[PDB]
């Protein structure tokens, strides 16, 4: 492409980083990357479990059989008759290419798997090594932009502390600029004909929860304070359709910090902790009470009903075998005092359980006996407890509680990632796209673990590819 006005990408999470890289590297289309925060990555950089992909090289290497058809099956079942099926088809059918794109263009290994709740096979990818997936992916894609900027600063500029407040359109009805407030609070205009909203969800905003799902306003959240639904409100005022805004995902296992128990913000206890073998104990009786590997809305519903109405939490318990397959993450969690290594005798007393140590041993040995039917029908039991566990054996334990986590609703988009005008099938504007958590319809009533990072790559690349046909 010959250089014209920049494409403005709003948000430096995975959606924005994907859009930016695809635009610069494949077509030489110049980018200005705005973010209202003081650092890159949003909630993407916090991602812990990984990114989904169906029929990958990694699944081939590990001899798991998976297809775009099966992924779509699990996705449709999780959505519960909400959402937009061609978006669910597109997400699962492009998942192979998304994984391969990260592998070949950035040398991200993504060589390990985990099976999360509501998945029929393991398909959530992470790389071996010391870096969790959200940080490793964001670091790689953002470093490439800085490398490119360093050789040609007019090809990409990253402008942090820049809050978009509106899009200016001409008499009818095309993009001419993006209005933003700079670091000093001064109103600025970036002239452009193309904008991609990659600005994230709205889970942090109590004001918007009160409007779209008021029952959740007292819950704590995993979301960064920047997660305030800005893009959703801007595009709605400009005439865009919003969909599924009342579908808010409450994640069942946010960590309780024992020295900060009532912080509205929680570290997340990754769903990979359960898929890789973790179980949940009731915090008074000390017994298992639910299928830990169901979808997030179901686990949350089980905790909120079966655990105490006041003090609504649970103990996430993980074996040594879990630890050996998730070592660096659990070491991190322990560094924040969120997970403790404790003998079973001491487990009973520090958590004031009703079960005896010998009784808990008997339960754990039964749980780990794959030849006995699981009480709660758990579909995958791996990395369980040693057949000769005793009351002096050690386990890893944290306290967890449900948290507002992800907003399935957002602005209506199509398969080209273009924003849909209210009450229409026509795009709101030739030059307005959206990608990632800011958009609605991809997940319906519940998002499967691992699918939002995936959504960012799939629809970030798509917006970039379709802008190139219009630049």
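Residue numbers count along the first chain shown, from 1.
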Exercise for review: Output the stretch having the higher mean C-alpha B factor in the entry; the candidates are 133-141 and 168-176.
Suggested key: 168-176
Check your understanding: According to the deposited model, is the average Cα temperature factor higher in 198-206 or in 287-295?
Key -> 287-295
Check your understanding: Looking at 328, 249, 401, 223, which has the highest CA B-factor as recorded?
Key -> 328
**Study point:** Top Cα B factor in the deposited entry, candidates 410, 30, 50, 68
**Key:** 68
Practice item. Relative to the other modelled residues of the same chain, rank the CA B-factor of residue 264 and answer lowest, middle or highest third. Key: lowest
Check your understanding: In terms of the CA temperature factor given in the entry, to which third of its chain does residue 441 belong: lowest, middle or highest?
Key -> middle
**Study point:** residue 188 by Cα B-factor - lowest, middle or highest third of the modelled chain
**Key:** middle
Review point. Taking the entry's C-alpha B-factors for this chain, is residue 90 in the lowest, middle or highest third?
Key: highest
Check your understanding: What third of the chain, by the recorded C-alpha B-factor, contains residue 232?
Key -> lowest
